[PDB]
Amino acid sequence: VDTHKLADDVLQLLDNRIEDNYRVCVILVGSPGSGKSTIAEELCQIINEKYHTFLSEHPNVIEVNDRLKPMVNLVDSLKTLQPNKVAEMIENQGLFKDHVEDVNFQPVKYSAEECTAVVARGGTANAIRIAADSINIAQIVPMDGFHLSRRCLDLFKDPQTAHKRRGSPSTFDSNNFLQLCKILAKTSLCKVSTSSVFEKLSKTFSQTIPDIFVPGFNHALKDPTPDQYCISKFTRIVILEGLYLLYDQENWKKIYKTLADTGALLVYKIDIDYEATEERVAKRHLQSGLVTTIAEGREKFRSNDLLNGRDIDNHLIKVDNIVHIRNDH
């Protein structure tokens, strides 16, 4: 895949929607070992570098507007987790014991300067937080930070599974990820003599957009960690990468439409080279200690449809704007 070409297409859409959308979103889907993480990172870096180069010769072009307007209310539609219930959750290690597997549990908010926390069935571990060369216009949102915590998985009606199948669609707080998408769509659909996309974006930043903090995944602690990625008023391009962003079940299915309805979405799905990916994933399992030999790793890859990508393909939502890309080496 030509990442510079991707960057060009992203900038083209942002420019086309400059007066209609505050930010553009990019969905990048791929099975384990497809390279979605790295592609997202490179795409992001390329865009920010181009912007920094632009600022070099347009030093004071940045302007923040809407100085006399109120902050966009992102979670007014959510019910407030009353103080008593907040304490209970915290007392219960930041979890909602009776809703860990409830995909219909609606996200709730509460005051955590003022900071608003938004949590769903995964509890505080997957909380989204909203506040009130240095300037980057692109940010990535890995789906990994929404992985349910290990302690959360211990509450599953069947603890044995969940852990054994950690990484399946049901082991992520899809409720809160969808909520992040609704928040992003709301910030995108806010009221927003040159042809330069960077010039246009530089003059249209808005003071009404709050900082949004999203969880990340700590590969060392084997659990999600708070505020690893910040999406601020300066973020005009959000690159979301993950396994289930185009999955046709439960809350995942609502992701595409939620972001597609902004009219500012680019969608990419990685088509893998089976052999190379099989080897890549087998090696990860070996390095991670999950298996004792590469052969055992290859076997797990072949027999687990969550690993070989068969599940993602079988459940790919039927839409006409998914651009399939290759990431061969």
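Numbering starts at 1 and follows the sequence shown.
- Missing deposited residues between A132 and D133: 10 or more, all without coordinates in the entry.
- Unmodelled stretch separating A112 from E113: 4 to 9 residues (count of deposited-sequence residues without coordinates).
- In this entry, the higher average B-factor at the C-alpha atoms falls on 273 to 281, of the pair 260 to 268 and 273 to 281.
- Look at the mean CA B-factor for 48 to 56 and for 25 to 33 in the entry; the higher one is 48 to 56.
- The entry assigns its greatest Cα B factor, within the set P142, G122, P210, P83, to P83.
- As recorded in the PDB entry, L78 shows the highest C-alpha B-factor of the residues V214, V197, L245, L78.
- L68: CA B factor lies in the highest third for its chain, per the PDB record.
- Among the modelled residues of its chain, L95 has a C-alpha B-factor that falls in the highest third, as given in the PDB entry.
- Ranked against the other modelled residues of its chain, the C-alpha B-factor of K318 as given in the entry falls in the highest third.
- Sorting the modelled residues of the chain by their CA temperature factor places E88 in the highest third.
- When the modelled residues of the chain are ordered by C-alpha B-factor, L221 sits in the highest third.
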